[PDB]
Amino acid sequence: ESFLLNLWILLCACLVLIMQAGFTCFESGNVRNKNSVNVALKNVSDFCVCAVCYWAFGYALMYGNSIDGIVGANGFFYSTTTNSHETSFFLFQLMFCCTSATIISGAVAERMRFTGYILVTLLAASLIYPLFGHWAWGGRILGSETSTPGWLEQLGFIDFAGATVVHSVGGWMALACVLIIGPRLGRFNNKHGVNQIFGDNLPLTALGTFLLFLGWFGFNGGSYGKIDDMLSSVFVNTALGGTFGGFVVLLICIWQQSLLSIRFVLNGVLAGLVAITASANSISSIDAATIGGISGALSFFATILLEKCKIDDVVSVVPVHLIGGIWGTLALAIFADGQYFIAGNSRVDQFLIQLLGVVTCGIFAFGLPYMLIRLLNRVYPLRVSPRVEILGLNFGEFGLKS
Amino acid sequence: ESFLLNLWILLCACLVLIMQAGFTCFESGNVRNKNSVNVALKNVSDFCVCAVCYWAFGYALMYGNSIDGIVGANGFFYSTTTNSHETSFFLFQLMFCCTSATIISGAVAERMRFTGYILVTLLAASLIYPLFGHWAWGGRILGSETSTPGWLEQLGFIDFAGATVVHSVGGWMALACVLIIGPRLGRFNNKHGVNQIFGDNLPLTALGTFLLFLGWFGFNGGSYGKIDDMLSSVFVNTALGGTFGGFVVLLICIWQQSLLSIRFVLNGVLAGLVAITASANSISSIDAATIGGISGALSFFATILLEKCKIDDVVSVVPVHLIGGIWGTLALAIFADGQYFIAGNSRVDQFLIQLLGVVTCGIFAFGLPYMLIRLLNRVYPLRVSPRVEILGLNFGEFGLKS
Amino acid sequence: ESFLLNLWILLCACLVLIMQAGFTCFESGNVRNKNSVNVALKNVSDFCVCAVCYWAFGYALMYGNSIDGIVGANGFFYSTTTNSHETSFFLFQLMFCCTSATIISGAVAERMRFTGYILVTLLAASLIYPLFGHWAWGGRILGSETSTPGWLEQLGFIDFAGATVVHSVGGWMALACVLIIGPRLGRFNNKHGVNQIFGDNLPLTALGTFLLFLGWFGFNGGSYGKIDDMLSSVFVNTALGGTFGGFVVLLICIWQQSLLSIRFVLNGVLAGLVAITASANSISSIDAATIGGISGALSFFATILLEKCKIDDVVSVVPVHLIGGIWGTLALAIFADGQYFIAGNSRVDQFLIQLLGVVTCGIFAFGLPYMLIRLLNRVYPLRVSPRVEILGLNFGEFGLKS
Ligand SMILES: [Cl-]
Ligand SMILES: [Cl-]
Ligand SMILES: [Cl-]
Ligand SMILES: [Cl-]
Ligand SMILES: [Cl-]
Ligand SMILES: [Cl-]
Ligand SMILES: [N+]
Ligand SMILES: [N+]
Ligand SMILES: [N+]
Ligand SMILES: [N+]
Ligand SMILES: [N+]
Ligand SMILES: [N+]
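Residues numbered from 1 in each chain as written, not as in the entry; some residues may be left out. Chains lettered and ligands numbered in written order. Heavy atoms only, no water.

Caption draft 1: Spotlight on the relation of the copies chain A and chain B. Structural alignment of chain A on chain B gives an RMSD of 0.0 Å, achieved by rotating through 120° and translating 0.0 Å along the axis. A rotation of that kind, with that shift, is consistent with a three-fold axis. Across chain A, the smallest distance between a C-alpha and the rotation axis is recorded for A:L4, namely 4.6 Å. Looking at chain A, a mere 12% of its interface residues are interface residues in chain B too, so the copies touch through different faces. (Least-squares fit on C-alpha atoms. Contact = heavy atoms within 4.5 Å.)

Here it is, written out as structure tokens:
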């Protein structure tokens with residue numbers, strides 16, 4: 001009976017929902033207290049907007065029967081099915097759409113206008129996430145007998161749980177947004193001057209990191225597509241990817257004597273988790289440890305590099321979700337068991353199609369949003385006024401009276 | 001084997017327990033910091049008191065073989081059974097008793113004496129919740145072969161997971177309490193003057209709302225009574241009810257330019273969830289969206305209305321749990337598939353018995369507590385002294401030294 | 001098929017992971033804000049260090065085929081198995097190693113150097129936890145056909161989920177640490193003078209207590225070793241142990257009019273849970289209530305006693321985890337159904353072997369760490385400098401610039 005798998009997917013979707021709690025804590029604690037309420041408002045609003053969009057038409061665009069191969073075109077206002085796994089799958093996939101979009105808020109914090117962020121959320125949920133999703137995962141409908149692969153999927157692109165599909169998409173859109181709104185006031189000065197701006201509730205960011213970690217077990221577990229005796233290995237690999245991402249960054253912080261090491265260590269854990277998201281089902285425990293640990297290190301160096309580039313990513317979305325997601329997606333070709341690849345593929349062939357997916361994601365999730373958000377910003381400024389930035393977005397639109 | 005259903009109910013009970021974490025966060029962040037520790041003490045104490053009461057005799061009163069039909073009279077000090085689903089069921093039902101009662105603390109915050117609140121908790125757990133529970137749900141014992149319906153249940157009253165039984169009961173008792181202790185100092189002035197009093201950790205209230213949301217999946221899932229292929233639809237409906245409650249309130253807040261929109265949006269999500277609690281198993285996804293969205297709107301207008309009535313409900317218990325619970329309970333007759341009704345019932349017949357349950361709940365959970373708490377208050381003042389209100393209940397009985 | 005049990009163990013391991021979130025909240029809220037970030041850094045770092053150690057060799061030492069009976073010697077870098085339950089089991093057991101060690105941070109807070117704590121964590125994870133674990137639980141490998149019992153296990157020592165193995169081990173090592181680093185500045189004065197030092201985010205400690213509670217269901221549930229119709233009784237007993245621990249302390253606090261009752265009540269809940277950890281599978285609901293309630297009372301009196309001894313245990317690790325763990329381990333002989341004992345054992349025989357395990361744990365987890373940590377402290381001071389204590393460990397190594 002379809003019962004055990006349905007129950008499994010539903011519990012995994014519950015775990016994905018706790019990731020939304022995780023992000024709210026992670027982001028809100030990493031900002032100053034004068035912004036922390038606006039952060040909270042962004043994090044509940046995006047969830048509601050994304051869920052409404054995904055239910056109304058995003059699931060249709062992503063998973064419906066492919067019209068030309070670019071997009072799906074049935075499953076609007078999702079309700080009834082003759083596929084007894086589909087409804088569980090739909091709920092789980094709705095939680096992934098919410099995850100991809102909510103990544104963006106942490107990069108743009110402390111100076112993006114609320115309504116501006118919600119419009120970006122609409123673009124993510126309505127167009128960018130479901131269309132890329134179709135291309136990578138369009139054929140991958142749980143319990144379906146009549147599915148057709150998206151075009152990247154058809155070429156052999158592998159992404160077990162969304163290193164590219166969820167995390168890179170969000171990260172590319174975040175990068176676009178921070179380039180357009182610009183750095184916080186007081187972040188960068190002179191030519192090479194960098195000031196750190198620290199959050200006011202870093203303990204809540206640690207809670208948040210643990211909630212994200214917990215949720216990631218559902219994120220990866222619910223993507224497995226079945227139950228067999230190798231499911232527990234996905235969970236070990238998830239644990240090792242996160243813990244080695246953190247451990248490696250802890251070692252680096254001890255070695256470098258890093259200021260506010262906590263932020264780097266937590267980001268290391270998250271980067272480790274993102275990197276194994278592509279391959280949790282296809283690698284050994286040693287390679288999970290390796291891929292996660294490397295991901296952690298990369299997040300550390302990428303944080304430092306973004307600062308040198310005068311790009312202000314408040315919680316390090318790009319180091320964690322984008323650099324981690326790219327690394328994980330390419331790492332799959334280096335480390336995964338080749339039996340998970342198309343029969344006619346070497347590791348070089350697999351590397352090339354993983355790379356094509358990475359580049360395609362970048363062109364569509366960075367290039368198109370960059371152009372569209374730059375256009376929106378010209379007629380509807382996305383950056384708050386200086387007064388609102390200085391007083392804090394708690395005092396912004398829909399907040400407190402100053 | 002009874003194994004899968006038992007495991008399911010136990011995991012669902014775990015999820016209900018995280019709702020207690022949710023309430024603690026939701027309430028404590030919505031008060032001023034000088035009250036937030038007292039809030040925490042209320043939220044752990046009520047859980048322990050309710051659990052002890054329910055185990056000792058509340059489960060007997062609620063689910064035991066009906067003595068005259070008003071009350072059960074076996075299952076005291078719950079221990080052993082020959083029903084292999086009963087023990088899981090008992091634990092799940094204990095978590096519901098704790099949920100109904102803990103709703104009350106959020107309405108009465110910042111000026112109800114701790115011991116006064118614990119006495120109200122005893123009244124909820126010992127008398128009001130289990131007796132109403134018997135009348136609505138007395139026959140509904142998981143895996144039982146020999147159960148007899150309560151009298152409302154027998155008449156056709158439907159409440160899938162406790163829009164009335166849990167949420168309205170708590171809300172009615174909360175209303176009684178706020179009318180008796182009166183408004184906070186500084187809340188209302190002149191004839192029409194209203195001051196907002198904002199909480200000091202609104203990010204924690206967003207965390208809390210997500211924890212409540214997560215828990216609600218267990219709340220509804222554990223009430224399903226079995227496993228079949230339509231269980232996943234309960235989870236979709238739960239997701240849509242919450243997300244549409246929030247989305248609708250977000251739209252209203254954008255339209256009205258509302259002050260401290262975050263509080264209304266979070267309350268919209270919770271109201272949406274409460275409304276679908278009555279009918280999650282019997283409605284379509286579109287109707288879940290509709291019922292939840294309407295519930296959200298109602299919570300917004302009900303908040304404003306309570307202020308006009310000079311009734312001080314700190315976290316908006318009555319807008320969320322009582323107005324949401326009533327709306328959901330009546331909505332069941334409008335929207336649910338008629339195959340879930342007694343064979344001899346039109347939608348009008350179903351509307352009338354839903355209404356009878358609503359009114360019966362009000363008379364017993366508002367009318368009786370109003371009379372008993374007004375009596376208690378005469379000999380044991382439930383409102384703190386002005387000094388304790390001003391300094392904060394952190395400095396009250398069992399708190400800090402001033 | 002092994003499927004349902006594997007899925008069960010994996011969900012239980014997820015619940016154990018939320019206990020790590022619980023500890024982070026419980027500890028960080030119970031310290032002053034100038035220490036709360038260091039607390040968070042300790043709580044994520046220890047998790048990563050323990051996981052790496054347990055994966056690399058701790059699981060080998062604890063559960064590998066016994067070399068002389070003191071220690072295991074295979075399962076290094078855990079990867080592949082022919083036991084289809086082993087991988088799930090390994091992940092669950094990794095979470096237990098992390099739990100035992102992370103207990104220590106709460107006792108030593110506000111004046112132990114970060115690197116000093118991480119070294120103690122290495123000692124816990126690398127030597128103390130896995131070797132004691134072997135002696136108590138070495139034969140208890142899920143789904144194994146060829147296991148040999150550890151020497152205490154062989155003598156009849158019973159510990160269902162780790163009242164001794166997890167909680168007493170951590171508590172003994174915590175005691176050693178607080179004796180060596182000494183009391184916080186301003187805690188004790190004159191000869192009998194005691195100042196309370198209160199945490200700055202006690203609401204977060206209530207959240208933490210609920211997260212711990214929730215996790216404990218997985219902690220006990222995942223230790224059951226199978227699925228049968230008595231599993232739900234483990235969950236009832238867990239609920240009752242916690243709720244009676246809290247309720248009993250609430251009564252005592254009301255009776256004594258105790259200052260900052262919240263801290264005692266939360267600790268009562270945790271102590272109740274620790275005590276039932278030894279016996280959740282082998283006692284009635286009444287005895288769970290009794291054992292938990294007594295555990296709560298003991299935690300209250302033990303807190304007061306430690307102060308009289310001028311021992312500074314910040315969050316009351318020793319009252320909760322050590323006194324609770326000892327009480328629970330001995331209580332098993334008094335209350336458990338004798339069918340769970342070796343056939344040739346009276347309750348007196350069972351009491352004696354429970355006591356031998358308690359004493360053995362103390363000699364090895366207190367005596368050896370006391371000697372080794374006193375030695376480490378001579379060449380690498382574990383107590384922060386007075387300046388760092390006064391300014392707060394947020395400004396310590398790896399923290400903020402002062
Ligand atoms: Cl912000
Ligand atoms: Cl704004
Ligand atoms: Cl209060
Ligand atoms: Cl009080
Ligand atoms: Cl500390
Ligand atoms: Cl330090
Ligand atoms: N979010
Ligand atoms: N977010
Ligand atoms: N509560
Ligand atoms: N509550
Ligand atoms: N930890
Ligand atoms: N800890």
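From this point, the discussion proceeds with the structure in view.
Caption draft 2: Region of interest: helix α2 (residues 33–63) of chain A. At A:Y54, α2(A) shows its largest kink, close to 60°. Most of α2(A) is tucked away, with 28 of its 31 residues classed as buried. (Bend = angle between axes of the 7 residues up to and from the residue. Helix = DSSP H or I, 4+ residues; strand = E, 2+ residues; numbered from the N terminus. Buried < 20%, exposed > 50% of the residue type's maximum accessible area, 1.4 Å probe, protein only.)

Caption draft 3: Summary view of empty space enclosed by the protein. If you walk through the whole model with that rule in mind, you get 12 cavities of 30 Å³ or more. Looking at the largest cavity, its volume works out to about 250 Å³. Those elements that place two or more of their residues in the lining of the largest cavity are α1 (3–29) of chain A, α1 (3–29) of chain B together with α1 (3–29) of chain C. Split by residue class, the lining of the largest cavity holds 15 nonpolar, no polar and no charged. Around the second largest cavity sit A:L4, A:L7, A:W8, A:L11, B:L4, B:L7, B:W8, B:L11, C:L4, C:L7, C:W8 and C:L11, which together line it. Listing elements by their share of the lining of the second largest cavity, those giving two or more residues are α1 of chain A, α1 of chain B together with α1 of chain C. Looking at the lining of the second largest cavity residue by residue, the class counts come to 12 nonpolar, no polar and no charged. (1 Å grid on protein atoms, 1.4 Å probe; cavity = no way out; pocket = protein on both sides within 12 Å on 5 of 7 lines; lining within 4 Å. Points joined across faces, edges and corners; volume = space filled by probe spheres on them. Nonpolar A, V, L, I, M, F, W, Y, C, P; charged D, E, K, R; others polar.)

Caption draft 4: Layout of the interface of chain A and chain B. At the interface, 42 residues of chain A touch 45 residues of chain B. At the boundary of chain A with chain B, total buried surface from both sides reaches about 3,700 Å², with 88% on carbon and sulfur atoms. When the area that chain A buries against chain B is broken down by residue, the three leading residues are A:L7, A:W55 and A:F398, summing to 16%. Where chain A meets chain B, there are 0 salt bridges. One can count 5 residue pairs in polar contact joining chain A with chain B. Elements that contribute at least two residues to the side of chain A that touches chain B include exactly α1, α2, α3 (86–108) and α7 (202–221) of chain A. Ranked by residues supplied to the side of chain A that touches chain B, first place goes to α1(A) with 14 residues. Split by residue class, the side of chain A that touches chain B holds 30 nonpolar, 11 polar and 1 charged. (Buried area = accessible area lost by both parts, 1.4 Å probe. Salt bridge = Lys/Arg side-chain N within 4 Å of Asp/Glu carboxyl O. Polar contact = N/O pair within 3.5 Å; in protein donor to acceptor, adjacent residues only side chain to side chain.)

Caption draft 5: The arrangement of the pattern of salt bridges in detail. For the structure shown, the criterion picks out 24 salt bridges over all chains. We note a salt bridge from A:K226 to A:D228, for which the minimum N-O separation is 2.7 Å. For A:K226, a relative accessible area of 34% puts it in the partly exposed group. Residue C:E397 is joined to C:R113 by a salt bridge in which the shortest nitrogen-to-oxygen separation is 3.0 Å. Highlighted residues: C:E397 in the segment after α13 (386–391) and C:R113 in the loop between α3 (86–108) and α4 (114–137), separated in sequence by 284 residues. Taken together, the salt bridges that share partners define one network made up of A:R32, A:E110, A:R184, A:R187, A:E307 and A:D312.

Caption draft 6: Region of interest: the packing of aromatic side chains. According to the stated counting rule, one finds 87 aromatic pairs over all chains in the structure shown. Pairing B:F96 with B:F219 gives two aromatic rings, centres 4.0 Å apart and planes at 10°, and the pair type is stacked. A residue pair is termed long-range when its members are at least 10 positions apart, and B:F96 in helix α3 (residues 86–108) and B:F219 in helix α7 (residues 202–221) qualify at 123 residues. Residue B:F96 shares its accessibility class with B:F219, and that shared class is buried. Each member of the aromatic cluster is reached from another via a ring pair, and the members are A:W8, A:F210, A:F213, A:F217, A:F235 and C:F47. The side chain of A:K226 reaches across the aromatic face of A:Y224, ending 4.4 Å from its centre. (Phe/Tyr/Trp six-rings, centres within 6.5 Å; stacked < 30°, edge-to-face > 60°. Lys NZ or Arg CZ within 6 Å of the ring centre and 35° of its normal.)

Caption draft 7: Layout of the layout of surface pockets. Considered as a void within the structure, the largest pocket measures approximately 980 Å³ in volume. Around the largest pocket, the lining is made up of 48 residues, and of these A:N33, A:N201, B:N33, B:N201 and C:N201 lie nearest the centre. The leading source of residues in the lining of the largest pocket is α2(A), at 4 residues. Residues that form the lining of the largest pocket fall into these classes: 23 nonpolar, 21 polar and 4 charged.

Caption draft 8: How the structure looks around the interface of chain A and chain C. Listed as interface residues are 45 residues of chain A and, on the opposing side, 42 residues of chain C. In this assembly, chain A packs against chain C so that about 3,700 Å² is buried in total across both faces, 88% of it on carbon and sulfur atoms. Here chain A and chain C share 0 salt bridges between them. Where chain A touches chain C, the interface holds 5 residue pairs in polar contact. Of all elements in the fold, only α1, α7, α8 (231–256), α9 (261–276) and α10 (285–308) of chain A reach the threshold of two or more residues within the side of chain A that touches chain C.

Caption draft 9: Just the relation of the copies chain A and chain C, in detail. With an RMSD of 0.0 Å, chain A superimposes on chain C once it is rotated by 120° and translated 0.0 Å along the axis. Taken as a fraction of all interface residues of chain A, those also at the interface in chain C reach only 11%, which identifies the copy contact as different-surface.

Caption draft 10: Just the environment of A:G225, in detail. All names here are of chain A. As for its placement among the helices and strands, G225 is situated in the loop between α7 and α8. In this structure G225 comes out as partly exposed when scored by relative accessible area, which is 35%. Leave out the neighbours within four places in its chain, and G225 touches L5 and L142.

Caption draft 11: Just the environment of B:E1, in detail. Residues and elements named next belong to chain B. Tracing the chain through its elements places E1 in the segment before α1. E1 sits in the exposed class, given a relative accessible area of 84%. Along the backbone, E1 and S84 are 83 residues apart, and their C-alpha atoms lie at a distance of 9.8 Å.

Caption draft 12: A look at the state of the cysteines. All names here are of chain B. Using the criterion set out here, one finds 0 disulfides over all chains in the structure. Considering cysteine sulfurs only, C50 is the nearest to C177, which forms no disulfide, with 13 Å between them. For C177, a relative accessible area of 1% corresponds to the buried category. Between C309, a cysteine without a disulfide, and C177, which holds the nearest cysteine sulfur, the sulfur-to-sulfur distance is 18 Å. Relative accessible area serves as the criterion here: at 44%, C309 is assigned to the partly exposed category. (Disulfide = S-S within 2.5 Å.)

Purely geometric stuff here, so don't read any function into it on its own.
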